[PDB]
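There are 4 protein chains.
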Amino acid sequence: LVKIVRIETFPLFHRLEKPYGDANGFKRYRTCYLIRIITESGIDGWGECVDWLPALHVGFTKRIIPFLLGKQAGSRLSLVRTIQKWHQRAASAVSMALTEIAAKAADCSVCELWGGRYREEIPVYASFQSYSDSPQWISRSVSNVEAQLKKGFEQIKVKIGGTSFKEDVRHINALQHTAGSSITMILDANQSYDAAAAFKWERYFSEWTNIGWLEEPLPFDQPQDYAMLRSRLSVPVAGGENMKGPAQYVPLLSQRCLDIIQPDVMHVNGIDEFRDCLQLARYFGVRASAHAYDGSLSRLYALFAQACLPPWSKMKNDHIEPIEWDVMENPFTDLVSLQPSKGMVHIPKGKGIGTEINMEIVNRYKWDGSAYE
Amino acid sequence: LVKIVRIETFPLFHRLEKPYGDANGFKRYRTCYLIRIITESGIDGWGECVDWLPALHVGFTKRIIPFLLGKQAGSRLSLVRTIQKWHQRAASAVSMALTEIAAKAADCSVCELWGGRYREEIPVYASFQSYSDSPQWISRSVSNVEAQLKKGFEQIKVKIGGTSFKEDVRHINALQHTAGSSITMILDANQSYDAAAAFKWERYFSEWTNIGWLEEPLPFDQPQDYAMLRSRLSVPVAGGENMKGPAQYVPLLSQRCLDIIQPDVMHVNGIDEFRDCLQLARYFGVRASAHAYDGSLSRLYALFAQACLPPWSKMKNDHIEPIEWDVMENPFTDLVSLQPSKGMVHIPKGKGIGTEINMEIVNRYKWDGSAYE
Amino acid sequence: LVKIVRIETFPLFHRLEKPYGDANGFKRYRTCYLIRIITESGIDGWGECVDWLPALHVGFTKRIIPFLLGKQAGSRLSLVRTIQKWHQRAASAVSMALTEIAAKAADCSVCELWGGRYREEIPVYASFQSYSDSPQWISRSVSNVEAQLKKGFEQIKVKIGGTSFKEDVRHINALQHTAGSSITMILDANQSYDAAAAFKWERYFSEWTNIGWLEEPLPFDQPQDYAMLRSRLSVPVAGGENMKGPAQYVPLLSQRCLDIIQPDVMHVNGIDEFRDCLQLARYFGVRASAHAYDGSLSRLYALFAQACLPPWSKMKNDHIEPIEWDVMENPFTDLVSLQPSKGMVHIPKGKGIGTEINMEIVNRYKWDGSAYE
Amino acid sequence: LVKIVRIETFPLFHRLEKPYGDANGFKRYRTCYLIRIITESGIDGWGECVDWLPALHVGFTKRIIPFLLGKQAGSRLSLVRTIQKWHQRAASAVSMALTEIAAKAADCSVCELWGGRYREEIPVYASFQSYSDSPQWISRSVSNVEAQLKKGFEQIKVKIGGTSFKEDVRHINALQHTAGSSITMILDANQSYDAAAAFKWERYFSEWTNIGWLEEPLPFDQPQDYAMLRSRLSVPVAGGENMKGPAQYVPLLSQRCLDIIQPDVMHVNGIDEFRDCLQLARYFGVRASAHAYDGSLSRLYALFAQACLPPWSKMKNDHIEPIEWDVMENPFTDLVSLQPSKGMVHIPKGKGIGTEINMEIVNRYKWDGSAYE
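Order-wise, the sequence lines are chains B, A, B' and A'. A prime marks a further copy of an entry chain. Residue 3 is where the first sequence starts when you use the deposited numbering, and the numbers rise one by one after that. Residue 3 is where the second sequence starts when you use the deposited numbering, and the numbers rise one by one after that. Residue 3 is where the third sequence starts when you use the deposited numbering, and the numbers rise one by one after that. Residue 3 is where the fourth sequence starts when you use the deposited numbering, and the numbers rise one by one after that.
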């Protein structure tokens, strides 16, 4: 029954050396917002969220923190529920810090808190923001992908739908010729297309044997269009990274819209809601591969969640979905000291989250408090 | 700490002084099967299941126990999932025992283990096996109901569908005149009917203001008949107590078959799958009221689960569903010293399950090993 | 392995003393066509069909009999299958004679041949052809119904849809006032109506408590209209007496068109196909009440079939559907000596069909071979 | 004549010399449970079921046998329906025994009891448990298949879905090169996949001309996923071996889920319910090919049933579906002395089941009462 006594906030900001992006445009910076909740006993817990920092920082300092102080850290479901009404993304960060506190007070790991892992290794794919601001963007993308293939990644994700079909195809072709067919390739459209535009890829999908899935080809306004497209393509369709929770997945799965859902710990209403998304997928007989582009601490929670997820198939060697691993310039990957080895992540087994937040990163990237174009 | 070293079994049996029943026939006895899992550190936990005792006992002693000895008690998800292949009922009892151990090892209650409760009290309804083997069965039922109303139950469930509509209407009318409109009445058909037979009640549902729901009017073979009937009645329709897990509820809910689902901790694959049933209902926007007719220790788990469930409505004093409380002759109701007052059950707050199994009852009703019927 | 050696035919004809009818018009005569198949061993079997006698008699004498002679009586499925291609109604008669032969050669009853009865008593309703050729048709119908109520029939079927709604209502009202609410009344429209015309009865159905079902309100060209109407009425909808077999029921049941199907032994492809219709209904969760207006020997087979049918409900006193019992002038009711007693028929238990064909009737009503307006 | 006076039980057990399996894991032993029901007159009959022997044996000796003693053997429908409540598996064995008794008492074969056969020979396919515990599992499977092809099997079934697509394709390719296009190949996934995983085979189904069907690609939780996948593949889809009866097939067929249903005599509620499964398929216009992997005496019943089934097509030499023939190490294949020649099984024509249970095998493999695994 140990009360919350203090909460520290760490808005983080990093201007990118070279911009990159996807169909929505070029990213110029990366941000992160960490929280540390400290209880009466001294047991503490960390959380992570990502949103526009001026608005996010006041959400915490002016409303969430004053609410949380003096509250019972153990009333996790209740506290996260009430905060969800003010800022959903903040709510996810709080849910992480409170889970860490719980696991520590219980003297166990987070996976143990959840009833024990099924496995201690989780596959990851290298996730690229393939567009850059250069006429030579295709050759640079090819070089970047080659670099990561050297590291033993066997699965990659790259961007499409930001330029004409003809030009995207040239890019994908160039990657096929370097990577070869033993590398699995995922193509992310970031909702650029309509059904007919997406379908133009089918003639290539008919030939290629190494396409993992087609990701977010369409916006979600018309679920029936997803069901339509899915039944026409020769590769799996994934999506849903901007869904807010299990309730929003339910009708997409009832309508047979997707082969793979992709909840993001930070977009849904916290880690328990996130785990419910994964289970929902299992119950509907569909796959789940977390979106985690902006995560590091949150990404570790997605890995814990995957480790506690039952197999999706009876294939001895192919029965757990990979998680997204951002491979672009981003110092926040080091907030936790955990990296893949040959496309595989080994789950920390220690108490709480089994690892520590890298304070050098926290300190180096302290946000200067200013508005950032 | 938690390696499993010993498992004790307690088959229990009670011959009824006076038989009672429902549309499936008369119950002649009650049974219960308790297990006590003991770990290396001495931390123990209890589970309960119910099935025909000769076959259940051999399943534990010859398959389940030999498998569990030497296993790590904290690998709850994994172990339950493995046992679920040989025996779902057994897996449920195992899940409960492992949950108690987990909470004890964590030095918290089961509800705190799950992220903390939303509330401290849960409503219950008095559940009756209304039919007796007697021409005077209606008068008897009336007397039985009046007895429980004196204890301040505000909601009851009684049986229909075992005899002609005309005679069942006589029974219900008699109850209506004695209990009056302050008392909520739940009618349970136990799958006796087809849509047209069930629909005959509508002309009375048109007049009455105090029907809680119509329970299991039909078998579940044809889900579409449920959606059809639902749209025709003036009262909610509940069921699904014999569904084996959340995956079985999914198509029913996608098809808008039920107003209320009624999972049973002992019929689904364990306490975590049971809790997933309740979450699934919430995400589909349907109500969830646990079936708990057999069961005492499993009934306690159903109450913990309901305490950790967010509200179903925004009504200040009508936003959590009741749980079933068997009010018929059954000594196993005392296995756990928890009873409702004025139709409300206060949830135990102490470490583990916050209560002790009554060894007096366990010893008194030891099954003597004889086969029955 | 006993061959068919001889087959005798008995076209029967009876001019009605006073014509009666339904929405299709007045019946002026009744006909019956009996067959007797005799095997090498002397074991014989009877069958019954009903169709226009000139065409039916040549179907037998010129094609079916010459086919059947020298065939193995025991190859029932095969022989009935092949004859179905020439004349379906004849095929039913053959299937009956061959079943009788089988039961006799096996030294058991027909019910035993089928794996034993569930019960030995079957409820029947008195079935009226309510229209007569008189301004006083309502008073005569009232008198006819009163006469049968004296015999202890508790359920009746009468005709509607042959005249304006206003006039039919006057007739039904007159019957309600004599019979009272302890008599169950069935209303047969013989496909007179469209959805809107049928629905006009709903205002009366809203008031009456003793309506068994509404029978064949619409033609079957548009199954969706049945599904539509069923969901709007306050009484069950029955039909399907002109369906040719199980395959034709399947889509009506998949579309939730009917509460009760009504196969006719003589319209479907013989008795095994007929029993399959009954089982199909059970599997779809719907009721089955045989059409049997023109049957006597065939009616007995419908009774055997009902006796071998599992209950439709869990109601101790209401779990088997009645069969149709023609109560109009018709000497062929006496072809077999079996009559209801207070609305209940007791199934003959003896070997073969447990009864004999009444040869006095066969002889008295020999068809004179002439065309009959 | 047929009062039941004695019932003898024969649990049987065989430890495999070399384990084999499918995507669910490796089989280590085979079991069989035979019953012999003896009537007052000395007429007896046999039944077979398969389940975990300690629990199955107690179910018979303590519940089923005590119920049957003194009952009339000719009340087959009733007795089977009562037993179906305690134990479906047991009811199946009981149904078989009572059917043999019925046919014997009738002095005819089982097929004649059912109305006579349509045909005297039924095609079978060699069914393999393709996976072995060995790096050389592919070569072994190839050798095993070649061995059976030498016996003139023209159709085989092999296992997929237990390992990665890539490795399963290697296995199937190896089989294709050895067996060639004259041999029909059936691929059985044992519910390993989701739709997208199953659909990966389509690019090979596009090339191959000799695939019989794809068996159980998916679990049956979401029927709509089957209809979806069916419309995308170039080969028929079969399944349903774990459906409990015709009522469970109805929604699958209404929804156009399957090209082929695969009832199992021992998994449904008896031989009459099994035959209803096959009839249901015919009325829905779908194919029916019995699952018979375990079973020898029950396999014989499946063959009798198929001999009494009308053709599925109008193709002179391709109008009856094959039945499964287990070709793996299993001494219980000889319990009944019936084997295929050149992939065809000739149906026994003699009274009762036309054959004797091999008491040498029954005695050799007597279960010693020890619990296993």
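In this text, a Cβ means the ideal position worked out from N, Cα and C, and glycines have one as well.
| Asked | Found |
| --- | --- |
| If we cut at 8 Å on Cβ distances, does residue 138(A') have a partner in chain B? | no |
| Please identify the residue among 121(A), 24(A), 10(A) and 103(A) whose C-alpha is closest to the C-alpha of residue 67(A). | 10(A) |
| Since I believe residue 323(A) is in contact with residue 291(A) (beta carbons under 8 Å), could you give me their beta-carbon distance rounded to a whole number of angstroms? | 4 Å |
| If you measure beta-carbon to beta-carbon, which residues of the region 253 to 284 of chain A' are closer than 8 Å to chain A? | 253 |
| Could you list the residues in the region 215 to 232 of chain A with a C-beta less than 8 Å from some C-beta on chain B', going in chain order? | 220, 221, 223, 224, 226, 227 and 230 |
| Tell me, please, whether the region 308 to 328 of chain B touches the region 260 to 280 of chain A' by the rule of three or more beta-carbon pairs shorter than 8 Å. | no |
| Using the beta-carbon of each residue, which ones in chain B are nearer than 9 Å to residue 26(A')? | 316 |
| Where does the unbroken beta strand (DSSP E) through residue 301(A') begin, and where does it stop? | Counting along the chain, residue 301(A') falls outside any beta strand (DSSP E), though it belongs to the alpha helix (DSSP H) covering 299 to 309. |
| Return helix, strand or coil for residue 207(A), following the three-state DSSP convention. | helix |
| Measure from the alpha carbon of residue 209(B') to the alpha carbon of each residue in 235(B'), 195(B') and 93(B'), then state which is nearest. | 235(B') |
| Ends of the alpha helix (DSSP H) at residue 113(A')? | 112 to 115 |
| List the residues of chain A that residue 118(B) touches, going by C-beta distances under 7 Å, in chain order. | 76, 77, 78, 79 and 80 |
| Which class does residue 19(B) belong to by DSSP, given the choice of helix, strand or coil? | strand |
| Relative to chain B, which residues along the region 145 to 171 of chain A' have a C-beta separation below 8 Å, given in chain order? | 163, 164, 165, 166, 167 and 169 |
| Hey, would you say residue 71(B') sits closer than 8 Å to residue 158(B'), going by beta carbons? | no |
| What does DSSP give as the partner residues of residue 368(A) in its beta bridges? | 14(A) |
| To the nearest angstrom, how far is it from the Cα of residue 124(A') to the Cα of residue 300(B')? | 35 Å |
| For chain A, find out if any of its Cβ atoms is closer than 8 Å to the Cβ of residue 289(B); answer yes or no. | no |
| Could you name the residues of the same chain whose beta carbon sits closer than 8 Å to that of residue 79(A), not counting the 5 residues immediately before and after it, in chain order? | 274 |
| Compare the C-alpha of residue 188(B) against each of 161(B), 169(B), 205(B) and 194(B) and name the closest. | 161(B) |
| Between the Cα of residue 360(A) and those of 335(A), 371(A) and 314(A), spot the shortest distance and give me the residue it belongs to. | 335(A) |
| Could you check the C-alpha separation between residue 287(A) and residue 97(A') for me, to the nearest Å? | 45 Å |
| For residue 73(B'), which residues of its own chain have a beta-carbon under 8 Å away from its beta-carbon, when the five flanking residues on both sides are left out? | 5, 6 and 81 |
| With DSSP as the reference, label residue 46(A') as helix, strand or coil. | strand |
| Taking the CB atoms as reference points, tell me whether residue 312(A) and residue 279(A) lie closer together than 8 Å. | no |
| Sort out for me which residues DSSP pairs residue 29(A') with in a bridge. | 22(A') |
| Excluding the 5 residues flanking residue 173(A) on each side, which residues of the same chain have their C-beta closer than 6 Å to its C-beta? | 140 |
| Go ahead and pull the three-state DSSP assignment for residue 242(A). | coil |
| Closer than 7 Å by beta-carbon distance: list the chain B residues that pair up with residue 376(A'), in chain order. | Residue numbering for chain A' in the displayed model covers 3 to 375; residue 376(A') lies beyond these limits and cannot be assessed. |
| Applying a beta-carbon distance threshold of less than 9 Å, which residues of chain A' neighbour residue 373(A)? | 60, 63, 64, 65 and 68 |
| Going by beta carbon distance, what residues of the same chain come within less than 8 Å of residue 255(A), once the five residues before and after it are set aside? | 263, 282, 283, 286 and 288 |
| Give me the Cα-Cα distance between residue 39(A) and residue 51(A), rounded to the nearest whole angstrom. | 14 Å |
| Taking only beta-carbon atoms, is residue 114(A') less than 8 Å away from chain B'? | yes |
| By Cβ distance, which residues of its chain are closer than 6 Å to residue 194(B'), with the 5 residues on each side in sequence left out? | 25 and 163 |
| Please classify residue 179(B) as buried or exposed, where buried requires at least 16 neighbouring CB atoms within 10 angstroms. | exposed |
| State yes or no: is the C-beta of residue 41(B) within less than 8 Å of the C-beta of residue 14(B)? | no |
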